[PDB]
Amino acid sequence: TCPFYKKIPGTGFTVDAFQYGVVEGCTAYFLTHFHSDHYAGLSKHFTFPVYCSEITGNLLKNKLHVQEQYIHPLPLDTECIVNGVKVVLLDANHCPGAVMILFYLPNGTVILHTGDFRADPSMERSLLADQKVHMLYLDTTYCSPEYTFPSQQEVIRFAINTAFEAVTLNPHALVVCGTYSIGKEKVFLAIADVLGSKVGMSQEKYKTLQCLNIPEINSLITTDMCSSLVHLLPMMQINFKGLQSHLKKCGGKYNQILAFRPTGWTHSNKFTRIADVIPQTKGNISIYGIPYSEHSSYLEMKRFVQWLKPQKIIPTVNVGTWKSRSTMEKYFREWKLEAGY
Ligand code: NI
């Protein structure tokens, strides 16, 4: 049964609730972004409206095969009416096409659902600046002071230099980058751009990236593995046996792989900086774990909510245990007392 934190009161709307059947009294189904936990349940056989970004729209049509008429895309930053409710979609700074949703209820209540987001100061100068928000439905994935991690530009720098070094020392070396969803494209794009290559990948992953309205994207990727020296692979495969395997496949064209695992948080963030990272090494293969997050750090979260000063916060992540819920209420209370809202 759809949980209360996927429902929008005084509307027929649900958010990221595709996996319970027909939720009785749901006229519309909003989807924040294309990652499987949020879209779970969708197929070609859905015949209720869906609301979403143009990009998330392109992915539903071409990857899951949802019928044209049921995908309602919306422009961002645009006051839009949807069953006589003003809504606005805002960039969530998560994976491509990912949105936060502003709901303007008839009664005068204003509600922000963040989906999955990485909060940024840029968001304080958007349409949220104009007016008050009474309820915040919040991605609490890293709501605990232990969770720090570096910025996206710090991480990308590291990655660029590392690869550009190795390939300049040994030109017969191969870069590989792991991936299992959309998101974190910048890793493999920024590397490939410093190396003067296109990114090689499967057919499936090319079809996926072709949906994302990236500029000059035809010039940046290929389905030809032979003619490229930055390859993508399923994250499952990014290990010693599975790389060696793949290193056999390329046919005596490279002698050394230098791979990247873009992780989120890991426990070594508590005891090591970005400039001081090292790889595991079984011969000619070197694997780098790098903490590139598309979710908010504890502090980024904190600042956003302290600026927004919402009247009520409702967690959408790590809600499934009482200890996690209870912990999170402490931090919401600390934030509000500190800031005087
Ligand atoms: Ni997500």
# chains A, B, ... in the order shown; residues from 1 in each chain; ligands from 1
>>> residues_around(residues="region 70-74 of chain A", least_positions_apart="3", cutoff="7 Å", atoms="only C-alpha atoms", output="list in words")
residues 47, 48, 49, 50, 51, 52, 53, 54, 57 and 67 of chain A
>>> write_last_selection(atoms="N, CA and C atoms", output="PDB file, in the first residue's frame")
ATOM      1  N   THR A  47      -1.654   3.214 -18.433  1.00  0.00           N
ATOM      2  CA  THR A  47      -2.610   4.058 -19.164  1.00  0.00           C
ATOM      3  C   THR A  47      -3.214   5.173 -18.292  1.00  0.00           C
ATOM      4  N   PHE A  48      -2.478   5.575 -17.252  1.00  0.00           N
ATOM      5  CA  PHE A  48      -2.750   6.812 -16.531  1.00  0.00           C
ATOM      6  C   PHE A  48      -1.736   7.842 -16.940  1.00  0.00           C
ATOM      7  N   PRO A  49      -2.100   9.130 -16.812  1.00  0.00           N
ATOM      8  CA  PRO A  49      -1.118  10.185 -17.061  1.00  0.00           C
ATOM      9  C   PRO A  49       0.166   9.981 -16.244  1.00  0.00           C
ATOM     10  N   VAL A  50       1.289  10.394 -16.831  1.00  0.00           N
ATOM     11  CA  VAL A  50       2.514  10.598 -16.089  1.00  0.00           C
ATOM     12  C   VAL A  50       2.984  11.989 -16.385  1.00  0.00           C
ATOM     13  N   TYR A  51       3.501  12.615 -15.343  1.00  0.00           N
ATOM     14  CA  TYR A  51       4.086  13.922 -15.443  1.00  0.00           C
ATOM     15  C   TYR A  51       5.564  13.784 -15.069  1.00  0.00           C
ATOM     16  N   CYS A  52       6.410  14.566 -15.739  1.00  0.00           N
ATOM     17  CA  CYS A  52       7.860  14.378 -15.726  1.00  0.00           C
ATOM     18  C   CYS A  52       8.546  15.391 -16.631  1.00  0.00           C
ATOM     19  N   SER A  53       9.877  15.426 -16.612  1.00  0.00           N
ATOM     20  CA  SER A  53      10.625  16.319 -17.523  1.00  0.00           C
ATOM     21  C   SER A  53      10.615  15.739 -18.947  1.00  0.00           C
ATOM     22  N   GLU A  54      10.837  16.609 -19.946  1.00  0.00           N
ATOM     23  CA  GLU A  54      11.084  16.153 -21.324  1.00  0.00           C
ATOM     24  C   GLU A  54      12.126  15.013 -21.386  1.00  0.00           C
ATOM     25  N   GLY A  57      10.836  11.887 -19.925  1.00  0.00           N
ATOM     26  CA  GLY A  57       9.878  11.522 -20.953  1.00  0.00           C
ATOM     27  C   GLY A  57      10.499  10.703 -22.065  1.00  0.00           C
ATOM     28  N   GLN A  67       3.401   4.545 -23.854  1.00  0.00           N
ATOM     29  CA  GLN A  67       2.761   5.121 -25.022  1.00  0.00           C
ATOM     30  C   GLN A  67       2.695   6.662 -24.972  1.00  0.00           C
TER      31      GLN A  67
END
>>> residues_near_ligand(ligand="ligand 1", cutoff="8 Å", atoms="only C-alpha atoms and all ligand atoms", output="PyMOL selection string")
chain A and resi 33-35+37-38+94-95+115-117+295
>>> residues_around(residues="residue 16 (chain A)", least_positions_apart="5", cutoff="7 Å", atoms="only C-alpha atoms", output="count of residues only")
6
>>> residues_around(residues="residue 4 (chain A)", least_positions_apart="2", cutoff="12 Å", atoms="only C-alpha atoms", output="number ranges by chain")
A: 1-2, 6-9, 13-17, 23, 137, 314-316, 319
>>> write_last_selection(atoms="N, CA and C atoms", output="mmCIF file, in the first residue's frame")
data_model
loop_
_atom_site.group_PDB
_atom_site.id
_atom_site.type_symbol
_atom_site.label_atom_id
_atom_site.label_comp_id
_atom_site.auth_asym_id
_atom_site.auth_seq_id
_atom_site.Cartn_x
_atom_site.Cartn_y
_atom_site.Cartn_z
ATOM 1 N N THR A 1 0.831 -1.262 0.000
ATOM 2 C CA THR A 1 0.000 0.000 0.000
ATOM 3 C C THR A 1 0.842 1.278 0.000
ATOM 4 N N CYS A 2 0.673 2.128 -1.017
ATOM 5 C CA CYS A 2 1.442 3.380 -1.146
ATOM 6 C C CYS A 2 1.585 4.099 0.214
ATOM 7 N N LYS A 6 4.433 9.400 -0.166
ATOM 8 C CA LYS A 6 4.336 9.463 -1.643
ATOM 9 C C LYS A 6 3.049 10.107 -2.134
ATOM 10 N N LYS A 7 2.250 10.608 -1.194
ATOM 11 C CA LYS A 7 0.961 11.231 -1.490
ATOM 12 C C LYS A 7 1.041 12.738 -1.293
ATOM 13 N N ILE A 8 0.264 13.472 -2.073
ATOM 14 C CA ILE A 8 0.220 14.901 -1.927
ATOM 15 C C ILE A 8 -1.192 15.198 -1.470
ATOM 16 N N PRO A 9 -1.358 15.697 -0.223
ATOM 17 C CA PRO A 9 -2.689 15.971 0.343
ATOM 18 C C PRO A 9 -3.509 17.001 -0.416
ATOM 19 N N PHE A 13 -2.666 13.686 -6.644
ATOM 20 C CA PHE A 13 -1.321 13.439 -7.154
ATOM 21 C C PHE A 13 -0.582 12.481 -6.215
ATOM 22 N N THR A 14 0.248 11.617 -6.794
ATOM 23 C CA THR A 14 1.253 10.865 -6.063
ATOM 24 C C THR A 14 2.584 11.226 -6.661
ATOM 25 N N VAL A 15 3.658 10.884 -5.957
ATOM 26 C CA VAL A 15 5.021 11.143 -6.415
ATOM 27 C C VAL A 15 5.803 9.846 -6.299
ATOM 28 N N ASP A 16 6.521 9.497 -7.371
ATOM 29 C CA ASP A 16 7.377 8.299 -7.439
ATOM 30 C C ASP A 16 6.702 7.103 -6.767
ATOM 31 N N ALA A 17 5.476 6.810 -7.201
ATOM 32 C CA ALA A 17 4.689 5.705 -6.655
ATOM 33 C C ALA A 17 4.123 4.973 -7.837
ATOM 34 N N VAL A 23 -3.341 3.275 -7.190
ATOM 35 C CA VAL A 23 -3.572 3.879 -5.878
ATOM 36 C C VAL A 23 -4.907 4.636 -5.958
ATOM 37 N N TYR A 137 9.103 17.754 1.314
ATOM 38 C CA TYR A 137 9.302 16.308 1.269
ATOM 39 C C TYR A 137 10.747 16.059 0.798
ATOM 40 N N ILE A 314 9.355 16.117 5.903
ATOM 41 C CA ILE A 314 8.857 14.731 5.810
ATOM 42 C C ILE A 314 9.883 13.883 5.058
ATOM 43 N N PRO A 315 10.637 12.997 5.765
ATOM 44 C CA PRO A 315 11.720 12.235 5.105
ATOM 45 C C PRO A 315 11.212 11.185 4.107
ATOM 46 N N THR A 316 11.889 11.051 2.957
ATOM 47 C CA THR A 316 11.489 10.093 1.928
ATOM 48 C C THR A 316 12.488 8.954 1.772
ATOM 49 N N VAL A 319 13.585 5.854 5.973
ATOM 50 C CA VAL A 319 12.389 5.990 6.797
ATOM 51 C C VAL A 319 11.922 4.662 7.324
#
>>> closest_residue(among="A:256, A:202, A:122, A:281", to="residue 231 (chain A)", atoms="only C-alpha atoms")
A:202
>>> select_by_dssp(residues="region 134-210 of chain A", states="helix (DSSP H, G or I)", output="PyMOL selection string")
chain A and resi 152-169+185-194+203-210
>>> atom_distance(atom1="CA of residue 164 (chain A)", atom2="CA of residue 243 (chain A)")
20.0 Å
>>> residues_around(residues="region 205-222 of chain A", least_positions_apart="2", cutoff="7 Å", atoms="only C-alpha atoms", output="JSON, numbers by chain")
{"A": [55, 58, 59, 96, 198, 199, 200, 201, 202, 203, 224]}
>>> atom_distance(atom1="CA of residue 28 (chain A)", atom2="CA of residue 93 (chain A)")
24.0 Å
>>> select_by_dssp(residues="region 110-289 of chain A", states="strand (DSSP E)", output="NGL selection string")
:A and (110-113 or 135-138 or 173-179 or 199-200 or 221-222 or 230-234 or 256-263 or 280-281 or 285-289)
>>> write_last_selection(atoms="N, CA and C atoms", output="mmCIF file, in the first residue's frame")
data_model
loop_
_atom_site.group_PDB
_atom_site.id
_atom_site.type_symbol
_atom_site.label_atom_id
_atom_site.label_comp_id
_atom_site.auth_asym_id
_atom_site.auth_seq_id
_atom_site.Cartn_x
_atom_site.Cartn_y
_atom_site.Cartn_z
ATOM 1 N N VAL A 110 1.647 25.536 0.195
ATOM 2 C CA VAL A 110 2.692 25.330 -0.820
ATOM 3 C C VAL A 110 3.639 24.224 -0.345
ATOM 4 N N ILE A 111 3.885 23.229 -1.208
ATOM 5 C CA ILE A 111 4.646 22.008 -0.869
ATOM 6 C C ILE A 111 5.779 21.756 -1.848
ATOM 7 N N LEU A 112 6.995 21.460 -1.349
ATOM 8 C CA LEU A 112 8.163 21.107 -2.215
ATOM 9 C C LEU A 112 8.577 19.652 -2.013
ATOM 10 N N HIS A 113 8.563 18.894 -3.088
ATOM 11 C CA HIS A 113 9.059 17.555 -3.040
ATOM 12 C C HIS A 113 10.367 17.625 -3.789
ATOM 13 N N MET A 135 5.434 22.750 3.547
ATOM 14 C CA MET A 135 5.885 21.339 3.656
ATOM 15 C C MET A 135 6.965 20.937 2.659
ATOM 16 N N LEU A 136 8.025 20.321 3.183
ATOM 17 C CA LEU A 136 9.182 19.903 2.409
ATOM 18 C C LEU A 136 9.244 18.407 2.453
ATOM 19 N N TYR A 137 9.103 17.754 1.314
ATOM 20 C CA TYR A 137 9.302 16.308 1.269
ATOM 21 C C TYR A 137 10.747 16.059 0.798
ATOM 22 N N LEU A 138 11.628 15.614 1.722
ATOM 23 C CA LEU A 138 13.119 15.760 1.603
ATOM 24 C C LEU A 138 13.913 14.449 1.443
ATOM 25 N N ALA A 173 47.579 2.285 -22.895
ATOM 26 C CA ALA A 173 46.721 2.030 -21.726
ATOM 27 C C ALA A 173 45.263 2.399 -22.012
ATOM 28 N N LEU A 174 44.351 1.724 -21.325
ATOM 29 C CA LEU A 174 42.914 1.878 -21.561
ATOM 30 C C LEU A 174 42.246 2.423 -20.311
ATOM 31 N N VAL A 175 41.429 3.476 -20.468
ATOM 32 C CA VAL A 175 40.524 3.913 -19.397
ATOM 33 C C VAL A 175 39.182 3.195 -19.493
ATOM 34 N N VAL A 176 38.708 2.692 -18.355
ATOM 35 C CA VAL A 176 37.375 2.107 -18.201
ATOM 36 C C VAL A 176 36.668 2.893 -17.097
ATOM 37 N N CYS A 177 35.351 3.053 -17.226
ATOM 38 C CA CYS A 177 34.540 3.709 -16.201
ATOM 39 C C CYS A 177 33.281 2.888 -15.966
ATOM 40 N N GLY A 178 32.990 2.602 -14.697
ATOM 41 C CA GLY A 178 31.822 1.808 -14.315
ATOM 42 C C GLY A 178 30.548 2.632 -14.315
ATOM 43 N N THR A 179 29.415 1.968 -14.541
ATOM 44 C CA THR A 179 28.113 2.632 -14.584
ATOM 45 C C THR A 179 26.968 1.604 -14.467
ATOM 46 N N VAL A 199 33.643 8.213 -26.172
ATOM 47 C CA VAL A 199 33.451 7.142 -25.208
ATOM 48 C C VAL A 199 32.798 6.018 -25.957
ATOM 49 N N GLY A 200 33.373 4.827 -25.824
ATOM 50 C CA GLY A 200 32.835 3.613 -26.426
ATOM 51 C C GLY A 200 32.005 2.907 -25.390
ATOM 52 N N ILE A 221 30.321 10.317 -28.312
ATOM 53 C CA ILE A 221 30.174 8.893 -27.999
ATOM 54 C C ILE A 221 30.123 8.042 -29.261
ATOM 55 N N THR A 222 30.346 6.737 -29.089
ATOM 56 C CA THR A 222 30.283 5.776 -30.187
ATOM 57 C C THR A 222 29.903 4.393 -29.686
ATOM 58 N N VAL A 230 38.339 5.437 -24.242
ATOM 59 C CA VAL A 230 37.636 5.424 -22.951
ATOM 60 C C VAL A 230 36.368 4.572 -23.043
ATOM 61 N N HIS A 231 36.425 3.373 -22.481
ATOM 62 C CA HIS A 231 35.299 2.445 -22.488
ATOM 63 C C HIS A 231 34.443 2.539 -21.206
ATOM 64 N N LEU A 232 33.129 2.350 -21.346
ATOM 65 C CA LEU A 232 32.205 2.146 -20.226
ATOM 66 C C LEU A 232 31.953 0.661 -19.992
ATOM 67 N N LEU A 233 31.759 0.255 -18.735
ATOM 68 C CA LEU A 233 31.275 -1.092 -18.450
ATOM 69 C C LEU A 233 30.322 -1.136 -17.264
ATOM 70 N N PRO A 234 29.405 -2.134 -17.238
ATOM 71 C CA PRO A 234 28.602 -2.475 -16.064
ATOM 72 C C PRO A 234 29.448 -2.538 -14.811
ATOM 73 N N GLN A 256 47.483 -2.138 -20.395
ATOM 74 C CA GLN A 256 47.250 -1.624 -19.042
ATOM 75 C C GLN A 256 45.892 -0.943 -19.010
ATOM 76 N N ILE A 257 45.009 -1.382 -18.119
ATOM 77 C CA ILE A 257 43.752 -0.664 -17.876
ATOM 78 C C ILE A 257 43.903 0.233 -16.638
ATOM 79 N N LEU A 258 43.362 1.445 -16.735
ATOM 80 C CA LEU A 258 43.214 2.334 -15.595
ATOM 81 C C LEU A 258 41.740 2.662 -15.484
ATOM 82 N N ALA A 259 41.060 2.010 -14.536
ATOM 83 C CA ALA A 259 39.607 2.106 -14.365
ATOM 84 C C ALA A 259 39.188 3.030 -13.220
ATOM 85 N N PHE A 260 37.900 3.400 -13.214
ATOM 86 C CA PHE A 260 37.306 4.293 -12.198
ATOM 87 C C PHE A 260 35.971 3.719 -11.741
ATOM 88 N N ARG A 261 35.806 3.563 -10.423
ATOM 89 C CA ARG A 261 34.528 3.232 -9.789
ATOM 90 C C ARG A 261 34.021 4.514 -9.126
ATOM 91 N N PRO A 262 33.049 5.211 -9.768
ATOM 92 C CA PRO A 262 32.431 6.345 -9.098
ATOM 93 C C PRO A 262 31.449 5.838 -8.058
ATOM 94 N N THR A 263 31.886 5.833 -6.804
ATOM 95 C CA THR A 263 31.052 5.440 -5.682
ATOM 96 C C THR A 263 30.297 6.670 -5.190
ATOM 97 N N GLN A 280 43.692 -0.049 -5.698
ATOM 98 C CA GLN A 280 44.099 -1.464 -5.630
ATOM 99 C C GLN A 280 44.816 -1.826 -6.960
ATOM 100 N N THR A 281 45.765 -2.774 -6.907
ATOM 101 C CA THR A 281 46.657 -3.096 -8.053
ATOM 102 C C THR A 281 47.077 -4.594 -8.163
ATOM 103 N N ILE A 285 46.460 -3.791 -14.057
ATOM 104 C CA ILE A 285 45.117 -3.222 -13.843
ATOM 105 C C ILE A 285 45.134 -2.385 -12.547
ATOM 106 N N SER A 286 44.641 -1.140 -12.608
ATOM 107 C CA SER A 286 44.457 -0.294 -11.411
ATOM 108 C C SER A 286 43.050 0.295 -11.321
ATOM 109 N N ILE A 287 42.364 -0.006 -10.214
ATOM 110 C CA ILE A 287 41.000 0.442 -9.960
ATOM 111 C C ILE A 287 41.035 1.620 -8.978
ATOM 112 N N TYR A 288 40.414 2.736 -9.366
ATOM 113 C CA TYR A 288 40.188 3.902 -8.489
ATOM 114 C C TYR A 288 38.741 3.967 -8.024
ATOM 115 N N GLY A 289 38.521 3.970 -6.713
ATOM 116 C CA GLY A 289 37.225 4.364 -6.166
ATOM 117 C C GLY A 289 37.240 5.878 -6.028
#
>>> atom_distance(atom1="CA of residue 326 (chain A)", atom2="CA of residue 313 (chain A)")
13.1 Å
>>> residues_around(residues="residue 10 (chain A)", least_positions_apart="6", cutoff="10 Å", atoms="only C-alpha atoms", output="list in words")
residues 105, 106, 107 and 109 of chain A
>>> residues_around(residues="region 83-89 of chain A", least_positions_apart="3", cutoff="9 Å", atoms="only C-alpha atoms", output="PyMOL selection string")
chain A and resi 11-12+27-28+52-53+74-80+92+99-106+127
>>> write_last_selection(atoms="C-alpha atoms", output="PDB file, in the first residue's frame")
ATOM      1  CA  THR A  11      -4.799  16.599  -4.647  1.00  0.00           C
ATOM      2  CA  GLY A  12      -5.133  13.441  -6.698  1.00  0.00           C
ATOM      3  CA  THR A  27      -5.590  11.050 -11.055  1.00  0.00           C
ATOM      4  CA  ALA A  28      -1.877  11.625 -11.843  1.00  0.00           C
ATOM      5  CA  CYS A  52       7.860  14.378 -15.726  1.00  0.00           C
ATOM      6  CA  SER A  53      10.625  16.319 -17.523  1.00  0.00           C
ATOM      7  CA  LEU A  74       6.782  19.767 -18.624  1.00  0.00           C
ATOM      8  CA  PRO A  75       9.267  22.613 -19.127  1.00  0.00           C
ATOM      9  CA  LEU A  76      11.331  23.572 -16.091  1.00  0.00           C
ATOM     10  CA  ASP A  77      11.050  27.007 -14.473  1.00  0.00           C
ATOM     11  CA  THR A  78       7.512  27.381 -15.894  1.00  0.00           C
ATOM     12  CA  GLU A  79       4.200  28.032 -14.050  1.00  0.00           C
ATOM     13  CA  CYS A  80       2.027  25.117 -15.322  1.00  0.00           C
ATOM     14  CA  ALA A  92      17.255  18.813  -8.868  1.00  0.00           C
ATOM     15  CA  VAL A  99      13.296  17.294 -10.933  1.00  0.00           C
ATOM     16  CA  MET A 100      11.980  18.757  -7.650  1.00  0.00           C
ATOM     17  CA  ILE A 101       8.230  19.571  -7.825  1.00  0.00           C
ATOM     18  CA  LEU A 102       6.568  22.751  -6.434  1.00  0.00           C
ATOM     19  CA  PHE A 103       2.844  22.130  -5.626  1.00  0.00           C
ATOM     20  CA  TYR A 104       0.461  25.105  -5.123  1.00  0.00           C
ATOM     21  CA  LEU A 105      -2.652  23.775  -3.320  1.00  0.00           C
ATOM     22  CA  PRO A 106      -6.101  25.429  -3.702  1.00  0.00           C
ATOM     23  CA  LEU A 127      11.529  30.419  -8.028  1.00  0.00           C
TER      24      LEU A 127
END
>>> closest_residue(among="A:321, A:272, A:170, A:266", to="residue 254 (chain A)", atoms="only C-alpha atoms")
A:170
>>> closest_residue(among="A:293, A:46, A:330, A:309", to="residue 129 (chain A)", atoms="only C-alpha atoms")
A:309
